[PDB]
Every structure is written in C-alpha cells, then in structure tokens.
C-alpha cells in the first residue's frame, strides 16, 4: 500500500541482487525495486527487483510490524538524498514533495531547508558534519588554520566533500571561500575519498558524521581518524521524511520512541553501527 523510497548508503541501506532461482529476498533482506532506463536518451525503462538490508531497513521492518502497515520499497533514481536543482527537488526529498512516496527512509539528514517542504520524524541517528583525516594528520576541526588558509602549506591543503548533499549546503551557505576552494577536491563517493586519504592523495574528507564514524570504526588497519567539524550549527540527525502535514508523523514518532525506550534501537545500533578502531 504505502510507497516508500530509500537510497543505498552502507551501513544504513545495503542493496544486493535477488537469486533468480528463488524469486525471493531471504535472510534479513526485504524486496526493493529500481526503475532503470533502457538507454541514456529516453526515460523509458522498467523495474528491476532487488534486495535491501541495513540499519534503516531494520527500522522499516520494525515500523511496519508495530504500526502494522504493508509497503512497497523502491530506490530513488533522480538524484540522491535531496537538493533543489532549478527550483525542483530531486532525490528522496523530491519523491515525498511530489507525493510519489508517502515515506522516505535512509541516511536522510534532517535539515531546515528540507523541513520547509516535508515533515520529519524525530531524529533516530545523531549526525552532523565531521572531518576525517589519515591517522597521523593533526587537525583541531574545520576552524584549523589548514582549512582557513590552505595556501600556507606545501602542497596546499587538499580537502573536499561529496557534492549536492546536506554537508555542501551547510558550507556553501555560510563559508563561500571554503566551498569554492573545496569544489576542485569534490569527492564522487565515500569509497573514493577513503582511498585517496590512505594513499596520501587527500589530506581531509569532510562528510556526514554518522557515516564517517562508522567507516573509521571498522576500517581495514584502522588508518582513519574522525574529528568533529566544530560546526555545531549543523548538528542534527537522520529522520524519516513525510509529506508536509502528514497524518502519519504522530504514529511513526510514537513507534520510534518505543524502540528507543525498550532497547530495540540500541540493539540495532550494536548490530550495524559499532566499530573496532580508536
């Protein structure tokens, strides 16, 4: 009944293929589909069915047992989390804004531009802006002199983020020089940034706090250290996105508070999010 959109980002949402011999998503996974175009000219395409698992998938399973709803999970195709591009929202935010999905689940950072057009769950994952450097690099945060005067260092201090998300907006809306310097170090994905950090091609990676803490926690060899931005103005959390004025915000929040109360949340946190390093 309920159309729910998600986005793949480990460890919160992990996407794998279905076994063709089964027609089944098994173990801890649930069925999720994707509308994939036939080529790069039309929008013509068809659904391909996949399997989805992760921390927020397990939250969705708990939510639809407790609130007692059935759902059809699908993966966003136009954009990622959410950005206003040419005055139209893309990503998961757009799917809720334009009422193609009743809910959006995943590593969706609650911010203030987004909550002008969608209603939000209570935060269930603490997040913000964090800085990750190679183990050995010493930075106090985003206010360090390597981030404010990068040309004082040889080579110039190399740091960047993943564009079009919650982190870039917080930098672009408040510190224009920092943002303009960063875009030449735009990192396409989390995995690319960690490779350049450990190989010495990047000095610092600015990104979401929850993702960076998880990646540093179970990194092969414990080579990555994460420190808070110090941008306390950007502290927030992941939230389930609902349509503006949604009648389900009340019951979705009540179920999440139950999980936080009875320990289901902390037990989910030690299944997916705990780390080993530091």
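Numbering follows the first chain given and starts at 1.
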TODO: Check the entry's C-alpha temperature factors for 125-133 and 79-87, then say which stretch has the higher mean.
DONE: 79-87
TODO: Read off the CA B-factors in the entry, average them over 148-156 and over 95-103, and name the higher stretch.
DONE: 148-156
Task: CA B-factor placement of residue 6, once the chain's modelled residues are sorted into thirds - done: lowest
- [ ] Rank-wise, by C-alpha B-factor, drop residue 50 into the lowest, middle or highest third of its chain.
- [x] highest
Task: B-factor third for the C-alpha atom of residue 171 within its chain - done: lowest
Open item on the list: Among the modelled residues of this chain, does the Cα B factor of residue 69 put it in the lowest, middle or highest third?
Closed with: highest
Open item on the list: Among the modelled residues of this chain, does the Cα B factor of residue 27 put it in the lowest, middle or highest third?
Closed with: highest
